[PDB]
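A single chain comes next, written as structure tokens; it is the form deposited without the named molecule.
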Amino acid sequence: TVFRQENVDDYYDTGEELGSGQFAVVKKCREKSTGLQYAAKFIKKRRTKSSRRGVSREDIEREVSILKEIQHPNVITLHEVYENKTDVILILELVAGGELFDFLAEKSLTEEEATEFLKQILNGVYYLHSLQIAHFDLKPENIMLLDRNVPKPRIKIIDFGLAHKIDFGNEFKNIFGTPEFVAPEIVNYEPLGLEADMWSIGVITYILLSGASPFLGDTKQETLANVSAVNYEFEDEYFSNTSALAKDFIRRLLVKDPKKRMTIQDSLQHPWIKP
């Protein structure tokens, strides 16, 4: 599939930088014809068949195809796609309130503040999983706030760079995110499905409530070993006034066997969440 090959600068003016990954940079931008503001994500293309630099066309097209499907208040949306020899440029919805990761860093929360974030994340993932989309990179860095200066900020899930359609219940590709957040099946290179996201939500919930990361070791290999062994516990210093029901929610997500793990539907009916 090909994209718009006109110069993006003929249609948009870029401004401040919003984010910066390994093969991508995101710039605030403004569309000349409407005055409307967006986030332009510049993804570096692979320059040869066998290079390790840049993103393969297959991978870029997958991200774009998935993004084109989605329209939900808790997920980023795609406006337009441009490309040139060097980059594919995704014109995405602007989410200007910063990462949940940075919001947490200024602030740990009350259980109400945590469930207020978590419920929006669950709604977004419910939508994605209903479309058989596994995100595969859920972590606080990939949750963006619309406005961080309100008591209950609204959020959107971003960064669909590892997202896959799961049409046979599982996929068996080269897929591996950030050690602190990946499920044991990722660590062990096993077939992956929607369940991996639910583990990640468990990790996010643990961090939301405590300010601490449940499997984090001193090196990435230690973290991965900890994940595979389900080596986490609820430290009393962090969880002493956290409800047992909150712990129950986490405990039912941080389960090694993906079949025994709560699904997104389970998570919305769980007594800590269910209205």
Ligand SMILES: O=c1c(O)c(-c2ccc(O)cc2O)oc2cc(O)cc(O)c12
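From 1 onward, residues are counted along the sequence shown.
Quick note: we don't show the form deposited with the named molecule bound, though the next part is all about it.
When the named molecule is considered in the entry with it bound, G161 lines it closely, a heavy atom lying within 4.5 Å.
The named molecule is not drawn, but in the entry with it bound it has no heavy atom within 4.5 Å of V125. Heavy atoms of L104 never reach within 4.5 Å of the named molecule in the entry with it bound, leaving it off the interface.
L94 belongs to the set of residues with a heavy atom inside 4.5 Å of the named molecule in the entry with it bound.
Shown here without its partner, the chain carries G202, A246 and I250, none of which come within 4.5 Å of the named molecule in the entry with it bound through any heavy atom. In summary, the region of this chain contacting the named molecule in the entry with it bound, judged by heavy atoms within 4.5 Å and restricted to 209-217, 238-246, 33-41, 225-233, corresponds to 33-41.
When you look in the entry with it bound, the only residue of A134, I76, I186, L118 with a non-hydrogen atom within 4.5 Å of the named molecule is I76. Contacts between stretch 12-48 and the named molecule, counted in the entry with it bound as any heavy atom lying within 4.5 Å, involve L18, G19, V26, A39, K41, listed in sequence order.
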